[PDB]
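Spelled out, the chains give:
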Amino acid sequence: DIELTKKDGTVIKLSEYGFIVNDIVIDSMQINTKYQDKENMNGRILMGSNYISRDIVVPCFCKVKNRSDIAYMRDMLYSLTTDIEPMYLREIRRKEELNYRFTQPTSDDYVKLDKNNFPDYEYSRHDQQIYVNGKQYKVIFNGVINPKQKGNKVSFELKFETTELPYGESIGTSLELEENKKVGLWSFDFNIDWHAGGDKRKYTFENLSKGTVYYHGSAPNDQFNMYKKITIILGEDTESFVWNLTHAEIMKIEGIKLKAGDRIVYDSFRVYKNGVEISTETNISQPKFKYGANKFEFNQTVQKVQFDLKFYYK
Amino acid sequence: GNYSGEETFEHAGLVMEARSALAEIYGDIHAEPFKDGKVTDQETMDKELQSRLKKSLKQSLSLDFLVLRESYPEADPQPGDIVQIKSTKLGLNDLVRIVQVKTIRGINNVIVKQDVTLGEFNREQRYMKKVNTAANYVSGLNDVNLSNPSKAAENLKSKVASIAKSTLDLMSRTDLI
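Structure determination for this entry is recorded as cryo-EM, at 3.7 Å resolution.

Under the PDB entry, chain B has the name Tail-Associated Lysin, gp59 and belongs to Staphylococcus virus 80alpha. This entry appears in the Protein Data Bank under the title "Composite atomic model of the Staphylococcus aureus phage 80alpha baseplate".

The name the PDB entry gives chain A is Distal Tail Protein, gp58, with Staphylococcus virus 80alpha as the organism.

Written out as structure tokens, the structure reads:
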């Protein structure tokens, strides 16, 4: 219940700004269907079906000490939130409906009050809220009205909306999973084994014709807009270079001659032959990680493969 | 079609009239005759003639096609192929040929829908090509003058008849000598 927003150049959270929130409700993704009805047949063909948009709603109110200040506070809200600038929203929850604790009415152990006139139930460090999950959402704002209930309390009804892709982009790459350097950004929503360096954590293999990958993301990383990015030290010289993959298509690189120690950066629908001067004419096919086991099969025992990606959720 | 270039109607050159099998119930009609021709033999004069006939009772089937991917994938339509259509409650089981196809492909080269036309490409497109041919043949010329046209054509034609008159005079004057 804070509605964190990471904008291009800053980080903001509402309750820091005197802005309590009632709740956050996140719709699912609007499935746009594409059916076609045959003329006299009791059944209609599916041309397609496709996720579109994940409309968020967040009603937030605010109290202040005096009626004038309402105006300022409201303006702050707009200047703080209503941003066409695609932002990264992060949801927050509490772990408990906190109450005031027992005290002693002996002219001592009195109660605290926040900067806003409320009772601080958060006595200890471990009371305040948490990033409930290690993911974000690429988000933009839609129109709000501000009904002023009595006093200094005024409500607002934010209506956020997904920007590019209706998915729960996981923050942090898969290499931070590999190297346990960055802390946070890994919630139990992702069923992740502790065996760092073990299987289903590793995306850095060496000297293999074929290997195994566990894509922890329920949603499939077929869309190029996702940050799926591979880089391979090819290991062995060749004239052509095929690699296959399951839950995806076959990939070739024919017609250009390579060398062993040369490396390929295989970005989404894009191929850096040696990091620059992209040679992407050969078999334009992009790979697709669906969920769980995504087994790959090279053909000449690359001396290194490693690939970072982002986990996406539905 | 065998009269010489300078005659134009003294109908030498394989005078004939043909007809198709359906004629006998419909009866006496006829199209623009094969007037223009420098072709000697008669084998030609029946083939081209029946072709002028059978090209005209026109049938354009501008149906719509909808691709099934999970099922029936082996139907990538390509123009200039044979196909066996059959519509119940229409009186139709014959086979035809594609003459137009219209594909769309969003991404990954997956098809969304197809449109096709059979036999003759359309009535529609025939009209439109007629219009555009008129509008481009015109404006490629230079003799056109919208304010009182036909000066450019009548000047020419009267010049032609005048030189023919002078040639008649020359003919008489030479036959004199």
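Asks: Explain the overall build of chain B to me, using residue names and the numbers behind them.
Replies: For chain B, the helix and strand inventory stands at four helices and five strands. Secondary structure elements of chain B occur, N-terminal to C-terminal, as α-α-β-β-β-β-β-α-α. Dimensions of chain B, computed from C-alpha atoms along their principal axes, come out at roughly 90 × 45 × 25 Å. Per-residue burial over chain B gives 14% buried out of 177 residues. Across chain B, every contact between residues at least 6 apart in sequence was considered, and the portion connecting residues at least 24 apart equals 50%.

Asks: Please give an account of the sheet that holds strand β18 (residues 304–308) of chain A that cites residues and values.
Replies: Residues and elements named next belong to chain A. If you trace the five strands from one edge of the open sheet to the other, you get β8-β18-β11-β14-β15, paired in antiparallel fashion. The sheet terminates laterally at β8 (204–205) and β15 (270–272), the two strands that pair on one side only. Relative to β15, strand β14 (residues 263–267) is paired through three bridges, and the arrangement is antiparallel. Paired with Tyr266 across the bridge in β15 is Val271.

Asks: Lay out the side chain of A:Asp308 in plain terms, naming residues and giving numbers.
Replies: Residue and element names in this part refer to chain A. Checked against the element boundaries, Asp308 lands in strand β18. Comment: no salt bridge for buried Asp308; closest opposite-charge side chain is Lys229, at 4.3 Å. Residue contacts for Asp308: discarding those within four places in its chain leaves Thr173, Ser174, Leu175, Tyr227, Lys228 and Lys229.

Asks: Give a detailed account of the layout of surface pockets, specifying residues and quantitative values.
Replies: Here the largest pocket defines a volume of roughly 1,500 Å³. Along the walls of the largest pocket sit 37 residues, with A:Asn50, A:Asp222, B:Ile107, B:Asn108 and B:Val110 positioned nearest its centre. For the lining of the largest pocket, the secondary-structure elements that each account for two or more residues are β3 (25–37) and β4 (44–62) of chain A together with β2 (64–65) and β5 (111–119) of chain B. When residues in the lining of the largest pocket are grouped by element, the largest group, six residues, is from β4(A). Residue composition of the lining of the largest pocket, grouped by class: 17 nonpolar, twelve polar and eight charged.

Asks: Could you give an account of a positive patch on the surface, with specific residues and numbers?
Replies: Residues and elements named next belong to chain B. On the surface, a cluster of positive charge is made up of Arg52, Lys55, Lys58 and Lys130. Along the chain, the position of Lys130 falls in helix α3 (residues 124–137). Classification of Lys130 as exposed rests on a relative accessible area of 57%.

Asks: Any chance you could break down a nonpolar patch on the surface for me, citing the residues and the numbers?
Replies: Together, B:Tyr137, B:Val138, B:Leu141, B:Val144 and B:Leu146 line one region of the surface with nonpolar side chains, adding up to about 530 Å² of accessible area. By secondary structure assignment, the location of B:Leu146 is in the loop between α3 and α4 (151–176).

Asks: Can you explain the packing of aromatic side chains? Please cite residues and give values.
Replies: Residues and elements named next belong to chain A. If you walk through the whole model with that rule in mind, you get 17 aromatic pairs over all chains. Between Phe205 and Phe296, the aromatic rings sit 5.7 Å apart at their centres with planes inclined by 75°, giving edge-to-face as the arrangement. On the criterion of sequence distance, the pair formed by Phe205 in strand β8 and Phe296 in strand β17 (residues 296–302) is long-range, its members being 91 residues apart. No difference in accessibility class separates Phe205 from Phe296, as the two residues are buried. Ring geometry for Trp243 and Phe298: centres 5.6 Å apart, planes at 15°, overall stacked. Here the residue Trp243 occupies a position in strand β12 (residues 241–245), and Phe298 occupies one in strand β17, the gap between them amounting to 55 residues.

Asks: Mind laying out the nonpolar core, listing which residues take part and the relevant values?
Replies: All names here are of chain A. One finds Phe241, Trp243, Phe296, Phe298, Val305 and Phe307 to be the most contacted residues of the largest nonpolar core, which totals 33 residues. At the level of secondary structure, the elements contributing two or more residues to this core comprise β11 (229–233), β12, β13 (251–253), β14, β17 and β18. Filtering out sequence-adjacent residues up to four positions away, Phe296 remains in contact with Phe205, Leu208, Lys210, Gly211, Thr212, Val213, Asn244, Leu245 and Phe307. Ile24, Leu77, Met87 and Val154 belong to the second-largest nonpolar core, a separate cluster that totals 24 residues.

Asks: I'd like a description of the interface of chain A and chain B, backed by residues and values.
Replies: Contacts between chain A and chain B engage six residues on the former and seven residues on the latter. Among the residues of chain A in contact with chain B, A:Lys38, A:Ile45 and A:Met47 are the three that bury the most area, contributing 64% of the side total. The interface formed by chain A and chain B contains zero salt bridges. Applying the counting rule to chain A against chain B returns one residue pair in polar contact. Grouping the amino acids of the side of chain A that touches chain B by side-chain chemistry returns two nonpolar, three polar and one charged.

Rules behind the numbers
- Residues numbered from 1 in each chain as written, not as in the entry; some residues may be left out.
- Chains lettered and ligands numbered in written order.
- Part of a larger assembly, values for the part shown.
- Heavy atoms only, no water.
- Residues with missing side-chain atoms left out of burial classes, pairs and counts.
- Helix = DSSP H or I, 4+ residues; strand = E, 2+ residues; numbered from the N terminus.
- Buried < 20%, exposed > 50% of the residue type's maximum accessible area, 1.4 Å probe, protein only.
- Contact = heavy atoms within 4.5 Å.
- Pairing = 2+ DSSP bridges.
- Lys, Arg positive; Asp, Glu negative; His and termini not counted.
- Salt bridge = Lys/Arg side-chain N within 4 Å of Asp/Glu carboxyl O.
- 1 Å grid on protein atoms, 1.4 Å probe; cavity = no way out; pocket = protein on both sides within 12 Å on 5 of 7 lines; lining within 4 Å.
- Points joined across faces, edges and corners; volume = space filled by probe spheres on them.
- Nonpolar A, V, L, I, M, F, W, Y, C, P; charged D, E, K, R; others polar.
- Patch = residues over 30% accessible without salt bridge, like charges linked within 9 Å, V, L, I, M, F, W, Y side chains within 5 Å.
- Areas by Shrake-Rupley, 256 points an atom, 1.4 Å probe, with all protein chains shown as cover.
- Charge placed at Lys NZ, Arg CZ, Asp CG, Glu CD.
- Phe/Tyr/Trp six-rings, centres within 6.5 Å; stacked < 30°, edge-to-face > 60°.
- Core = buried A, V, L, I, M, F, W, Y, C linked by side-chain atoms within 4.5 Å.
- Buried area = accessible area lost by both parts, 1.4 Å probe.
- Polar contact = N/O pair within 3.5 Å; in protein donor to acceptor, adjacent residues only side chain to side chain.

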